[PDB]
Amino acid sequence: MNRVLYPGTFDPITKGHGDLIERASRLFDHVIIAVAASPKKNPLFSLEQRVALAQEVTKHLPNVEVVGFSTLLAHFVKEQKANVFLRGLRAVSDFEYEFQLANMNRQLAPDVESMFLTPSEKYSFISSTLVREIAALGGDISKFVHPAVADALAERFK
């Protein structure tokens, strides 16, 4: 009955995200990974590449699917008919941001719940941004991302 939507830029999706998704898949009947077009960031990967990578990482989860969107989250969730937003908390500064996003979404989409998970301690500290920067300088990122994602970063950077 619960359809949960996990929105993010996922540039690229990391094991941090992956941990939260494994856990959300075992908790909800239907999990939608919502990859946001985020042009105000100049994402390393195109929307289509980021959707593809997230699918690759979650294809073994039958109740998890991936979609891209460029519209307002509060609008888009209505198109997906999800009644729950999922957001991750890894740092105390995440909570502040998520707190204001949640209360703001509460005004725009009053019938959608905002819930949070924190990733396991092994998969905390993983920044999508730091993964990009490390990969860009030829550092090994295989401990932070799925092999398919690792392969994509390598190819992306020559």
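One rule holds for the numbers: they count along the sequence shown, beginning at 1.
Mean CA temperature factor is higher for 148-156 when stretches 148-156 and 3-11 are set side by side in the entry.
Comparing the deposited coordinates for 88-96 and 26-34, the stretch with the larger average C-alpha B-factor is 88-96. Take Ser114, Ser70, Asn42, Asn63 and read off each C-alpha B-factor from the entry; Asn42 has the highest. In the deposited entry, the Cα temperature factor of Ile141 sits in the top third of values across the chain's modelled residues. Sort the chain's modelled residues by C-alpha temperature factor and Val51 lands in the lowest third, per the entry.
Ranked against the other modelled residues of its chain, the C-alpha B-factor of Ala109 as given in the entry falls in the lowest third. For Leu130, the recorded CA B-factor ranks within the middle third of the chain. Only modelled residues enter the ranking.
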